[PDB]
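Q:
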């Protein structure tokens, strides 16, 4: 179901996957509000965008792309949660409306 | 797969 939260699966994650990397990946194509990175079906992340349109733009532009040449291939689907909540801003979760510390 | 071969960032 279309939604403003995307679920990213990072195939062949040869390099670190942190919120700063995913912000530089996603935000130029769709405005990001929150990012949560976790391990489940491999290295995965949910990214909450400002709107459904912004999430659709990010999904269209990034699905199947590699973050870095030859690795870190993105598989993107709509996430189940309609919103994300970030406990703290660190390397694995970030709310871009709120300060570090 | 229209983004096959797309690369987003310089390698670290």
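Chains as they are written, first to last, in the working numbering: chain H, 1 to 101; chain E, 1001 to 1012. Where is the CB? At the ideal position from N, CA and C, for every residue including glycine.
1. Buried or exposed, going by whether 16 or more other CB atoms sit within 10 Å of the CB of residue 39 of chain H?
2. Within 10 Å of its beta-carbon, does residue 77 of chain H have 16 or more other beta-carbons around it, so buried, or fewer, so exposed?
3. If distances are taken between C-alpha atoms only, which option among H:16, H:33 and H:17 comes closest to residue 5 of chain H?
4. Counting pairs of Cβ atoms below 8 Å between the region 89-99 of chain H and the region 12-21 of chain H, do you hit three or more?
5. State the start and end residues of the unbroken beta strand (DSSP E) segment that holds residue 7 of chain H.
6. State yes or no: is the C-beta of residue 1001 of chain E within less than 7 Å of the C-beta of residue 70 of chain H?
7. Below 8 Å CB to CB, which residues in the same chain sit around residue 100 of chain H once its five sequence neighbours on both sides are set aside?
8. Provide the residue(s) that pair with residue 75 of chain H in DSSP beta bridges, ordered along the chain.
9. Any C-beta of chain E sitting closer than 7 Å to the C-beta of residue 20 of chain H?
10. For a minimum of 3 consecutive residues, which ranges assigned as the beta strand (DSSP E) are wholly contained in the region 19-45 of chain H?
11. Could you spell out where the alpha helix (DSSP H) holding residue 1007 of chain E opens and where it closes?
A: This is what the structure gives:
1. Walking along the first chain from the start, residue 39 of chain H turns up at place 39. Its Cβ having fewer than 16 others within 10 Å, residue 39 of chain H is exposed.
2. What you label residue 77 of chain H is simply residue 77 of the first chain in a count that begins at 1. Around the CB of residue 77 of chain H, fewer than 16 other CB atoms lie within 10 Å, so the residue is classed as exposed.
3. On the first chain, position 5 is the one that residue 5 of chain H refers to. When each option's Cα is compared against that of residue 5 of chain H, the closest is H:33.
4. Result yes; three or more Cβ-Cβ pairs closer than 8 Å.
5. As a working note, residue 7 of chain H is residue 7 in the first chain. It spans 5-11 - the beta strand (DSSP E) in which residue 7 of chain H sits, taken as one unbroken run.
6. Residue mapping note: residue 1001 of chain E aligns to position 1 of the second chain, counting from 1. Residue mapping note: residue 70 of chain H aligns to position 70 of the first chain, counting from 1. No, they are not a contact pair.
7. Position 100 of the first chain holds residue 100 of chain H. Correct list, in chain order: 89.
8. Locating residue 75 of chain H in the first chain gives position 75, counting from the first residue. Beta-bridge pairing links residue 75 of chain H to H:9.
9. For the purposes of this step, residue 20 of chain H is taken as residue 20 along the first chain, with counting starting at 1. Chain E contact via Cβ: absent.
10. List check, beta strand (DSSP E) in window: 32-40.
11. Translated into the one-based positions of the second chain, residue 1007 of chain E becomes position 7. Here residue 1007 of chain E belongs to no alpha helix (DSSP H), and DSSP marks it neither H nor E.
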